[PDB]
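What follows are structure tokens for two forms of the same protein chain, given separately as structure 1 and structure 2.
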Structure 1
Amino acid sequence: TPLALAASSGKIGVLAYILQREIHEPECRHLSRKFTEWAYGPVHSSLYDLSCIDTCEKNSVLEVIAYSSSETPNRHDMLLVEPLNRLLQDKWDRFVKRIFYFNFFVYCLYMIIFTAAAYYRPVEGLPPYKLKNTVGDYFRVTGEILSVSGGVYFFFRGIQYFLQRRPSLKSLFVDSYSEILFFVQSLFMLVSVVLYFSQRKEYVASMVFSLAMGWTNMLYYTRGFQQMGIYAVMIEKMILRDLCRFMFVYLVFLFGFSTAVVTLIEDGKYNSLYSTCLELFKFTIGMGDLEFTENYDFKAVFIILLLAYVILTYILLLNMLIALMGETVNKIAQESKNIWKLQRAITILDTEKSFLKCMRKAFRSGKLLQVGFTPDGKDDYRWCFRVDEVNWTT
């Protein structure tokens, strides 16, 4: 359709024009989109025809925008057009706000069960473990089998993401950061089951990375909270635009001077590359030891290197990272809000493919008062609408 072709390429001017057309003419109500029904005292109502916007067949304007390949003109600004913004607010507060908070309540009760099933793991060797008849057993083994089943659930839910949208290796690593992190979490959990029944103690490695990931994935549910959701979008921007640029340059100075400190150190505990790469990393934390070794030669060389480390990477690069984060906050004060609107918009559309059996409640704002004097005949119950309101001063 030519409407969805404007949405797919991101033509924001045309998409504003089609969703907001209105003209006073005979045989124009067959063509017009925005209808103005009630003209009372200066607050005037408005009805948007909403034909293929929300509930179209296999190509809907909400589904075209929210599933974009992130290479469009402006995928984040199209949801600010007057029919689309209030409808997603209407589908939120009426329908999906209750079913989103229940999903966050399940996942918060998922990680409590999975923590307490891992916190009280058995300590003796040779997995697996014959559960005793005690009250502590039959009560965390039920905690384990629920926690494994959650890793199975996010695995099959992670596959059917890829089986539907198919981001195809570029929109994967660019526009779908959230669904990978649910999948990699479930991937460590299933590897930790395979290593558990193969009688190896290294399952607790993959369990921990399945547990460290799982709490950091709880920032996914900060969307649906406006002040928190815009905050978690900014955390995404600091990783992709500052630690992409800091941790390259920092690890050059880190691995650079640590290889310069080893070759000066003659022998001892810190003779390896690993044991002194920590000792130069401790300056970044705030636990840097200047005299961390004595067994070398040329003390004047050894402390010029540390001072050239501390001047270059501690009182410059960490104090420069704070300044560059200070500029990307003022730059992404508006763009990070619009990216939050798109993150809510995906979660709204995801539940309509989930709670699809009761498809009547997904429809918005009634289907009535359609065709006032249609030229093809009397079809005044054809298309839906959505009521808004306006302001004063004529």
Structure 2
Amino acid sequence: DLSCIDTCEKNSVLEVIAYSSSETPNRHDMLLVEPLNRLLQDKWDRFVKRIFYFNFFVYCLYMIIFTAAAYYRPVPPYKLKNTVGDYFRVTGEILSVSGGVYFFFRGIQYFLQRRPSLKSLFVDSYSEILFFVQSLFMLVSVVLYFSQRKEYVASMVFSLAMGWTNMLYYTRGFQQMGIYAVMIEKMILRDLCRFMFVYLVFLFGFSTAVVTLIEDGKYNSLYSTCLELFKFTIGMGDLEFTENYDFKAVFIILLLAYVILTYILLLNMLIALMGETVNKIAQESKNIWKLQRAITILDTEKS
């Protein structure tokens, strides 16, 4: 029976389960129940699949237009000339700004309605806050643009990179790619910080040590030697990037100590983030993705 499960007009079980924050203990598998799973599957298949594909197509086309507008930028503001190229450029950047403001307004109204928990804003509403950040970046870009500064290009490239990386949102509706995106989100929020809480301190400590040792030269600045030490993580280290110093035994010892420590540090990261292999990762990701698809279904229904 479907009575007050969706259309109570006050509170529906599906709505409450969907919009429940991290406070709700057993949410992720709360949809495992058969009455909620079949209903959501039927609704999706019936119309939300088509609506979602249409929205994804429109968004991708928007991103292509924005990319084309940004790539061929003039080398502000710049007065449009009489040419097909100029007309297309102007209309493309107008459309990009029009998308930026629309995203801004959607994010504002979502924030006003939900009033997030002020602690779950990152673990929950990750995608929405990312979209809002993109909108803010582009809005500041245009503000700088019309303020006669050259930092609009910086704020535009930031927004464009954000937007391109935000295409993972639309993997939803696909089983495996959606699960893959869920695993990226979860692993970011879990270890991205934890793993680098010990890697950044190692890098900074050894960078300060080395730069103190280097008496004079090009690399006598903390930033340059920080980059040089970092380059080891890219598998591009030098081991002799400088020669202006004394006691080269100390320098070599420090460099090798850094190498060994960071390699066991990448050994610890790669292994300790094993997650819940087999034991409880073959169902947990599937449940999280199903929950997120339910969120999408409800939002597209109501919108």
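Throughout, residue numbering runs from 1 along the sequence of structure 1. Think of the rigid core as the biggest set of C-alphas that the two forms share within 1.5 Å after superposition.
Of the residues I285, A300, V106, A323, just one CA atom moves 2 angstroms or more between structure 1 and structure 2 under rigid-core superposition; it belongs to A323.
Put the two forms on the same core and the Cα of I346 is off by less than 2 Å between structure 1 and structure 2.
Relative to the superposed rigid core, the position of the CA of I332 differs between structure 1 and structure 2 by 2 Å or more. In this overlay on the rigid core, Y314 has a C-alpha that sits 2 Å or more away from its partner position between structure 1 and structure 2. On rigid-core superposition between structure 1 and structure 2, the C-alpha of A117 is found to move 0.3 angstrom. Core superposition gives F173 a CA displacement of 2.2 Å between structure 1 and structure 2. The rigid core superposition between structure 1 and structure 2 gives a CA shift for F246 of 1.1 Å.
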